[PDB]
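Engineer:
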Amino acid sequence: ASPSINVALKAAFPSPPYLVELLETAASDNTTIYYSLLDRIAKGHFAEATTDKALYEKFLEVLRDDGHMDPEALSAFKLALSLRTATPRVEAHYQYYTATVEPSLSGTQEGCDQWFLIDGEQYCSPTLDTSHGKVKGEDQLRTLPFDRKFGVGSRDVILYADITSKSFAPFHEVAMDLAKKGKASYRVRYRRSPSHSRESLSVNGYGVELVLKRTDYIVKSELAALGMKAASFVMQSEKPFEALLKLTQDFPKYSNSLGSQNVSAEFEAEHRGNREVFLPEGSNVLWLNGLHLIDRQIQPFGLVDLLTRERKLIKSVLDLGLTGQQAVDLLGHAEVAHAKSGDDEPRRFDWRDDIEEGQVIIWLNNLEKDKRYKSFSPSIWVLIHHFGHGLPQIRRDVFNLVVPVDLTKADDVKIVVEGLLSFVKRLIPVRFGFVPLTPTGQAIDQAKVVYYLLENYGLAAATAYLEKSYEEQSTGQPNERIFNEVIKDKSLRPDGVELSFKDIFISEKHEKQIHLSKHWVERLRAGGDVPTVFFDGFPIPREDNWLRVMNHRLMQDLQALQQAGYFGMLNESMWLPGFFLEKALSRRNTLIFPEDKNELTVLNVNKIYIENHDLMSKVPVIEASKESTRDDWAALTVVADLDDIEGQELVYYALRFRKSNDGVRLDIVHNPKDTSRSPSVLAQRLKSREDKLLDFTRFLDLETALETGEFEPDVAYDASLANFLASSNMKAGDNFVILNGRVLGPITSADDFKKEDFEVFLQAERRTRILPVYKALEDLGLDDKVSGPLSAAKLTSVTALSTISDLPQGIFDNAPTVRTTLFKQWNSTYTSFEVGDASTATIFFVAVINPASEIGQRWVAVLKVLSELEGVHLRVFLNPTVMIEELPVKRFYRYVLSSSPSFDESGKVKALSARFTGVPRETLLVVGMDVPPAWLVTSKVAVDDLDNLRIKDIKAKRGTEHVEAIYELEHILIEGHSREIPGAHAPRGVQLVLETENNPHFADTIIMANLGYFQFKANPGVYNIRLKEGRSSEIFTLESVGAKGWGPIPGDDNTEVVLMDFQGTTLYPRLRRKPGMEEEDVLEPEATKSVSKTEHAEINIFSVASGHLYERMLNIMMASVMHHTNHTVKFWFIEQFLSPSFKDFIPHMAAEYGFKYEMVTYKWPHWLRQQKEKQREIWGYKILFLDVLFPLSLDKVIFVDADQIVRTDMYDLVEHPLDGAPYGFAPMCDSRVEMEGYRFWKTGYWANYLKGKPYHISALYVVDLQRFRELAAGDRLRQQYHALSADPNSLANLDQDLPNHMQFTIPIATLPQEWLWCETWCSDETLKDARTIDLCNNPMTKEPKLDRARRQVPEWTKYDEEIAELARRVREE
Ligand SMILES: *[C@@H]1O[C@H](CO)[C@@H](O[C@@H]2O[C@H](CO)[C@@H](O[C@@H]3O[C@H](CO)[C@@H](O)[C@H](O[C@H]4O[C@H](CO[C@H]5O[C@H](CO)[C@@H](O)[C@H](O)[C@@H]5O)[C@@H](O)[C@H](O)[C@@H]4O)[C@@H]3O)[C@H](O)[C@H]2NC(C)=O)[C@H](O)[C@H]1NC(C)=O
Ligand SMILES: *[C@@H]1O[C@H](CO)[C@@H](O[C@@H]2O[C@H](CO)[C@@H](O[C@@H]3O[C@H](CO)[C@@H](O)[C@H](O)[C@@H]3O)[C@H](O)[C@H]2NC(C)=O)[C@H](O)[C@H]1NC(C)=O
Ligand SMILES: *[C@@H]1O[C@H](CO)[C@@H](O[C@@H]2O[C@H](CO)[C@@H](O)[C@H](O)[C@H]2NC(C)=O)[C@H](O)[C@H]1NC(C)=O
Ligand SMILES: *[C@@H]1O[C@H](CO)[C@@H](O)[C@H](O)[C@H]1NC(C)=O
Ligand SMILES: *[C@@H]1O[C@H](CO)[C@@H](O)[C@H](O)[C@H]1NC(C)=O
Ligand SMILES: [Ca+2]
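For reference, each letter of the sequence shown is one residue, going 27 to 245, 287 to 1152, 1187 to 1474 in the deposited numbering.
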């Protein structure tokens, strides 16, 4: 009605049938709901629903009536159905079917609408008599992400069906029954149904913004009160949530309208008592049950997935009679969070030689007897009376450091010789030791050599051999030429026991010493890929700057000694290192104590005993004792292959451990490697002997009990068994241990997990997870709700999962995964308002919004729709700032989202749009899309200039006050963060190729230095990532694409990526270097040009335009090139900054002028610093992404500005020698003399910085892309831009200023000035020899660009007329 603007978004793929969408949305994770519904529709039950509304209506009654959903879950189903979350999941099936099924299915298909696939044979009938084909191509038995399985069976059957028709129902029942019998396992895959049309999909869950492009006009500056008055207006209204939405959506319009009718109502200067304690004014912060959410997680898709995960967690808890409110309170409790932070409590391991009889550690020091430290006092009070920054001097043994070193490796040897000795020489009060690593023959020999040389001759002689050997010989294997010289002089007085010389094979020296050393390394797991250093029994892995970390603990240990001294705990007759070893463990388990602390897996216990009840009621169970306490209670489950020694060894130890601990409740799950013989037999053998369990005096009693007895197969048991392992992601024949939901394994050798190792696992686990749950729980007085070991495990397991990081630490935010309760302190009467019932709510939201913020605009819109869900509680806090330097909100905002689907008059599903009403007639606006992270969007239909919108002009020109535009969700991102193995660094310069069965080259990108970042533009389907052929595959092998998580998670040893969601795909790939390489991709160890020219063109020019004029000028620029060269040209454009009017026109320009064109884009990385102003974005696209924006096949490109015109045959620029420089620019004209005043690059900062170098122009330049990438110029530009950008007034014009700031670091080839002309800075005499002309800014005039063109260049009109006639010719065509 009022003058309005309407914007809609549609996907790049057609809308799947509504029926299949409801099936998938309804049965999210649950297969039972899936096939239970698949039965209902195969009855022909859902055939009477003629329309989408009716069909949707029928599902609601069914789900409620069959017990599938409750109100909470039904409300959530409607919102997820609005979002159309299941549509990309269905399109995954179709892309897979179109690209891998159809080309591998040889024959003539007609009548084969549905067909099972069995043993590479296709059957178009349920009767199964005839096989049409032997299917070619790769295996279709890939158990892949979108699959579902029904039943267990030796044979595997797949049905590719078009569910829509009733031709489907008989096929289903044939395999449903065959799976019910157990003959084979059933799974359904989809077929694109021809009953549905090729209508594109209308999407929602995005935002639209109308940005004011002129903010320059402000006079009166009483901005300070806006946030404060805006906050009060809402509190006053008494319909507060609606006020905020209405105010926040059209905020720029209401600025002057605020401050009316004694408006301040500052009761709430009182609630800065709230500010005083916790958050600073004007900051937006959201919490979900204590969890702090980052901005990227605050979209509809991100939020729906969080509720889904959180409810599953809470529901499990409230089956013990806890309210949603009590449950959440327990999760964010102080004692709980303290335990997570409780790795300030360090655990130490006993580093001593005492077990290995003193023959393994070779110390470089003794502080009590070295006559270096002779100066120092051997008194305790020296330690206690210390102040300052210095480390206390003392003649006593107090601090120790043992570093395991490989003597083959020069890097390892250099550590001892340079690193360790400097410290000795420096007179540090730390004793330095080292133990050789013996993983190769050469290493073993050199340990012998060095050990011998110490034994008879002494430390200096051994030291001497190492020092000598390192310098140049850098010996892998022992060298006599160097060894014998050492003895020749250093063989003076080799004391005590006599020499052997040259040859070592001493029965005791080789055996005892080397094997004792191996026993030490093994005992503390101090070896492998990454060795482990032990400082005071504290493991520090040998990586990056471990000394930095060691020094940190050295100061933290010193302060630990001082405090004991002031309490008089210490005494003069003491071994001070033993203060730390008091509670140290002799053996170190990498399973329990992984050095990457994040490496942890916990399962929902409630889930395990709900889904697999059939299995868990039939496993041999030892219930915990009747006379045992809540503290003693713990639940253990052992998963082991009883067909292997390791598997049965492990169980005997678990049984032994149970005799000792009466509080434990044990379960034994037999997981065999071979499932051709039923697993139920060996389980049945033990459950008979269950009563007599742990009366096995000896191990053979268990061995014998497993072998004896005759049993049938419970095939029901077998099925639930295989389901459990699949749910728990466990391999067959692999050993695992589960105490209170926490899984450790796979156990390679049962010697790793002994009786003593179960006791520690319970000791440590108990501490962290069980004792903080017990305390916290009791503090709230909920300690009546724990009724047993299994009852307890459900609570402890759930609260450990609550503090689980889904997003790896260090990527999106460094801050740890901790639930705060710190906002509960805050008074709420005058700043807060709540929505939803707290008593019933399972979800609790705490929003802290600043009304004056632009981020608040989005937050309000999304929160209102999620508040509409049943079982959700929200509480809002408004916190504005008094510090407002500039206008706070400079845009209008609308969020396209509904809490339940909308239907047509003809019953179809309604599409959703952003409609802005009551738009000011004379304000200039810019349309922008506030799209979820994974999405790539461009304008498809629009007749207006979306960069320059004004209603008065449109009304005058078109006659309409109403504007309509349509966008397209063209691509969805596959983005990931790489790392090298084992010394994890980002592998920069690595090239990647994305592929599909149809084509082996979907896309290509290069790995960046920052987070090993990379991205691909794709849509739903099954893909694969291969390292690009060349140097990348030569140096590396990629073990995995981290699709499962950071991991390594077992089963992720793959390179397969699939996208079936609107959140795209986030990956954490891993790459390990090939045999002994220190090589770099960027550096070579020839037909590189020809190739690009053949594929693309003789000339490759790229550009960008942000307005109808600039697009009109761009048409002229391209034409001028074409008239001026009889060569082949390819034009490249930055896709998203162009209008659809321009986009729709170019094929007609390409036909006329005879050139090729290609649209390119890259999404601005999340880590890289954004640009609020679009003009600045555009400049960034020209300089920051040059290496990644164009395909690797392209040798070189040339940038030409839109306003330019060229009289030259452009090849010349290609041939121009750049003398090994990545890119070439043209300098600023010095020819105009009278202009000097406006030459600002002869001033202090630019003349000081550019000592002799020129001030270049970014209107035209060459980029030798192959060299650019080779030199890794892009990553420097990116990181310097990010660093420089922290200062807002940094780069006036970043495009010109970044290459000029980087010309010292990155060479710039300077171009002949024949290459550029501009009236402003070049003389009129110069134009005769000019090659190209930029229309640079006035600035001594106000004459506009249209005027300069016609006056400056006479042939500009000739070009404009040619374009004008063709546009009219197309309009009439
Ligand atoms: C995956 O799939 C399914 C479906 O979403 C989830 O589990 C379903 O939940 C049903 C209950 O809501 C369950 O019904 C149970 O039937 C068994 C007998 O086979 C009963 O022993 C159970 O009793 C428990 O639940 C009831 C709930 O109220 C029920 O009472 C009326 C009585 O007239 C019943 O007619 C009706 O089923 C009501 O729901 C409690 O009152 C009891 O005290 C007791 O605790 C259930 O009634 C279904 O068998 C089950 N499957 C389906 C297809 O519905 C499953 O949890 C979900 N899991 C995941 C991982 O998502
Ligand atoms: C939340 O609102 C309450 C409202 O009262 C604020 O309470 C403050 O509490 C202290 C004492 O707890 C009050 O003053 C002191 O009281 C004692 C005993 O009556 C008296 O002996 C002292 O001399 C002193 O007067 C204080 O006045 C009161 N504040 C106000 C404004 O009344 C609380 O600080 C608020 N907190 C937040 C986070 O906003
Ligand atoms: C590109 O090739 C064409 C030949 O097709 C050249 O065009 C000739 O130019 C004169 C200009 O007065 C015309 O009168 C002739 O009729 C053209 N020849 C033909 C065959 O029609 C053109 O000059 C070449 N341009 C460049 C830059 O190489
Ligand atoms: C209250 O009302 C009017 C402005 O609406 C003004 O006359 C008066 O100064 C305002 N403030 C106070 C404290 O009375
Ligand atoms: C104090 O001296 C005693 C010997 O009298 C000895 O146990 C130890 O060195 C000190 N005591 C403790 C508890 O460490
Ligand atoms: Ca320009």
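Backbone N, C-alpha and C fix where the C-beta goes; we use that ideal spot for every residue, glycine too.
Do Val1192 and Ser1294 have their C-beta atoms within less than 8 Å of each other?
Structural biologist: Here residue 1192 corresponds to residue number 1091 of the sequence shown, with the count starting at 1. Here residue 1294 corresponds to residue number 1193 of the sequence shown, with the count starting at 1. Against a cut-off of 8 Å, the Cβ pair of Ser1294 and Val1192 comes out as a contact.
Engineer: Using only the heavy atoms of ligand 3, determine whether one of them is closer than 7 Å to the beta carbon of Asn881.
Structural biologist: Indexing the sequence shown from 1 puts residue 881 at position 814. Not under cutoff, so the answer is no.
Engineer: Write down every uninterrupted run of the beta strand (DSSP E) in the segment 166 to 207 whose length is 3 residues or greater and which is fully enclosed by it, in chain order.
Structural biologist: Taking only runs of at least 3 residues, the beta strand (DSSP E) segments lying wholly in the segment 166 to 207 are 181 to 187.
Engineer: Pull every residue with its beta-carbon under 7 Å away from any heavy atom of ligand 4, and keep them in chain order.
Structural biologist: Ordered along the chain, the selected set is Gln328 and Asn329.
Engineer: Please list, in chain order, all residues of the same chain as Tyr897 whose beta carbon is under 7 Å from its beta carbon, the five residues on each side excluded.
Structural biologist: As a working note, residue 897 is residue 830 in the sequence shown. Same-chain partners within the cutoff: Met302, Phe334, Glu335, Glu337 and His338.
Engineer: Does DSSP put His1044 in a helix, in a strand, or in coil?
Structural biologist: The residue given as residue 1044 occupies position 977 in the sequence shown. In this structure, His1044 counts as strand in the three-state DSSP scheme.
Engineer: On the criterion of 16 or more Cβ atoms from any shown chain inside 10 Å, does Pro1142 qualify as buried, or is it exposed?
Structural biologist: The residue labelled residue 1142 in the question sits at position 1075 within the sequence shown. With fewer than 16 other Cβ atoms within 10 Å, it is exposed.
Engineer: So, for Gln366: in the same chain, excluding its five sequence neighbours on each side, which residues have a beta-carbon less than 6 Å away from its beta-carbon?
Structural biologist: To locate residue 366, count along the sequence shown from 1; it is residue 299. Only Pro999 meet the Cβ criterion.
Engineer: Got a sec, what are the start and stop residues for the alpha helix (DSSP H) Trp448 sits in?
Structural biologist: Residue numbering aside, residue 448 sits at position 381 when the sequence shown is read from its first letter. Where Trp448 is concerned, the enclosing alpha helix (DSSP H) stretches over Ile447 to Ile451.
Engineer: Shortest alpha-carbon distance to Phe646 belongs to which of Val465, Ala750, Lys821 and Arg756?
Structural biologist: If you number the sequence shown from 1, residue 646 lands on position 579. If we check each option's Cα against that of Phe646, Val465 comes out closest.
Engineer: Tell me which residues share the same chain as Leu941 and place their Cβ nearer than 7 Å to its Cβ, disregarding the 5 neighbours each side in the sequence.
Structural biologist: By 1-based counting over the sequence shown, the position of residue 941 is 874. Excluding positions up to five away in sequence, the list reads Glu901, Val902, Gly903, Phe912, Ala914, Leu930 and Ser934.
Engineer: Spatial neighbours of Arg725 within its chain, please: C-beta separation below 7 Å, excluding the five flanking residues on both sides.
Structural biologist: Start at 1 with the first residue of the sequence shown, and residue 725 comes out as number 658. The answer, listed in chain order, is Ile689, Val731, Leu733 and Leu761.
Engineer: Could you spell out the range, first to last residue, of the beta strand (DSSP E) harbouring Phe103?
Structural biologist: Here residue 103 refers to the residue found at position 77 when the sequence shown is read from its first residue. Segment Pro97 to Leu109 is the alpha helix (DSSP H) holding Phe103; no beta strand (DSSP E) there.
Engineer: In chain order, what residues have a CB nearer than 5 Å to some heavy atom of ligand 1?
Structural biologist: Residues flagged by the Cβ proximity filter: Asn56, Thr58, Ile59, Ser62, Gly93 and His94.
Engineer: Going straight from the alpha carbon of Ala1360 to that of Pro129, what length do you get?
Structural biologist: Looking up residue 1360 in the sequence shown gives position 1259. Looking up residue 129 in the sequence shown gives position 103. Approximately 49 Å, taken between the alpha carbons.
Engineer: So within the segment 968 to 1024, which uninterrupted beta strand (DSSP E) runs reach at least 3 residues, ignoring any that extend past its ends?
Structural biologist: Counting only runs of 3 or more, we get 981 to 983, 992 to 997 and 1002 to 1008.
Engineer: With a 10 Å radius around its C-beta and 16 neighbouring C-beta atoms as the bar for buried, classify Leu63 as buried or exposed.
Structural biologist: By one-based count along the sequence shown, residue 63 stands at place 37. The residue is buried, with at least 16 neighbouring Cβ atoms inside 10 Å.
Engineer: Taking the alpha carbon of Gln751 as the reference point, which residue from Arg765, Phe778 and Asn728 has its own alpha carbon closest?
Structural biologist: For the purposes of this step, residue 751 is identified with residue 684 of the sequence shown, where counting begins at 1. It is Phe778 whose Cα lies nearest to the Cα of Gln751.
Engineer: Compute the Euclidean distance between the alpha carbons of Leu325 and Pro1445, then round it to the nearest angstrom.
Structural biologist: In the sequence shown, residue 325 corresponds to position 258, counting from 1. In the sequence shown, residue 1445 corresponds to position 1344, counting from 1. Looking at the two C-alpha atoms, the distance is approximately 39 Å.
Engineer: Closest by CA to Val1334, which one among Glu1426, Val1307 and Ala514?
Structural biologist: For the purposes of this step, residue 1334 is taken as the residue at position 1233 of the sequence shown. That would be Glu1426, whose Cα lies nearest to the Cα of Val1334.
Engineer: The alpha helix (DSSP H) that contains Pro367, what's its start and end?
Structural biologist: Taking the sequence shown and counting its residues from 1, one reaches residue 367 at position 300. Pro367 to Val384 is the span of the alpha helix (DSSP H), which, as asked, contains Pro367.
Engineer: Would you call the segment 848 to 857 in contact with the segment 689 to 702, where contact means no fewer than 3 C-beta pairs closer than 8 Å?
Structural biologist: Judged by Cβ distances under 8 Å, the segment 848 to 857 makes contact with the segment 689 to 702, as three or more pairs qualify.
Engineer: What does the alpha-carbon distance come out to for the pair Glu770 and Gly1097?
Structural biologist: If you number the sequence shown from 1, residue 770 lands on position 703. If you number the sequence shown from 1, residue 1097 lands on position 1030. Cα-Cα distance, rounded: 55 Å.
Engineer: Would you mind working out which of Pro947, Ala1252 and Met1218 sits nearest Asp1461, comparing C-alpha positions?
Structural biologist: Translated into the one-based positions of the sequence shown, residue 1461 becomes position 1360. That would be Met1218, whose Cα lies nearest to the Cα of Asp1461.
Engineer: Going by the C-beta, is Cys1437 closer than 7 Å to any heavy atom of ligand 6?
Structural biologist: Residue 1437 sits at position 1336 when you count from the first residue of the sequence shown. Yes, the Cβ of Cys1437 comes within 7 Å of a heavy atom of ligand 6.
Engineer: On a CA-only basis, which of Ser1332, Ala1373 and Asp1245 is nearest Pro1323? Give me that one, please.
Structural biologist: Reading the sequence shown from its first residue, position 1222 is the one you call residue 1323. Among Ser1332, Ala1373 and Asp1245, the Cα nearest to that of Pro1323 belongs to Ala1373.
Engineer: Under 7 Å from any heavy atom of ligand 2, does the C-beta of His338 make it?
Structural biologist: Along the sequence shown, read from residue 1 onward, the residue named residue 338 stands at position 271. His338: yes, Cβ under 7 Å from ligand 2.
Engineer: Compare the Cα-Cα distances from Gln135 to each of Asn881, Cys150, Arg498 and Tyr633 and report the closest residue.
Structural biologist: For the purposes of this step, residue 135 is identified with residue 109 of the sequence shown, where counting begins at 1. Ranking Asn881, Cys150, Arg498 and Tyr633 by Cα distance to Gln135 puts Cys150 first.
Engineer: Can you find a heavy atom of ligand 2 that lies under 7 Å from the Cβ of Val344?
Structural biologist: The sequence position of residue 344 within the sequence shown is 277, counting from 1. Under cutoff, so the answer is yes.
Engineer: Would you mind reading off the limits of the alpha helix (DSSP H) that contains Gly1325?
Structural biologist: In the sequence shown, the residue the question calls residue 1325 occupies position 1224. Unbroken run through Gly1325 is the beta strand (DSSP E), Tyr1324 to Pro1328; no alpha helix (DSSP H).
Engineer: Give me the DSSP bridge partner(s) of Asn728.
Structural biologist: As a first step, residue 728 is located in the sequence shown; it is residue number 661 there, counting from the start. Bridge partners of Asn728: none, in fact.
Engineer: Kindly give me the distance between the Cβ atoms of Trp1280 and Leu1395, rounded to whole angstroms, as I take these residues to be in contact under 8 Å.
Structural biologist: Along the sequence shown, one-based indexing puts residue 1280 at 1179. Along the sequence shown, one-based indexing puts residue 1395 at 1294. About 5 Å separates the two Cβ atoms, so the contact holds.
Engineer: Tell me which residues share the same chain as residue 1486 and place their Cβ nearer than 6 Å to its Cβ, disregarding the 5 neighbours each side in the sequence.
Structural biologist: Residue numbering for the chain in the displayed model covers 27 to 1474; residue 1486 lies beyond these limits and cannot be assessed.
Engineer: Are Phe197 and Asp188 touching if we call contact CB-CB under 8 Å?
Structural biologist: To locate residue 197, count along the sequence shown from 1; it is residue 171. To locate residue 188, count along the sequence shown from 1; it is residue 162. Not in contact: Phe197 and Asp188 (Cβ atoms no closer than 8 Å).
Engineer: Assess, as a yes-or-no matter, whether the segment 1129 to 1140 is touched by the segment 1098 to 1109 under the definition of 3 or more beta carbon pairs within less than 8 Å.
Structural biologist: Verdict: yes, contact present.
Engineer: Could you tell me the boundaries of the beta strand (DSSP E) in which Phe646 lies?
Structural biologist: Numbered from its first residue, the sequence shown carries residue 646 at position 579. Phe646 -> no beta strand (DSSP E), and no H or E assigned at all.
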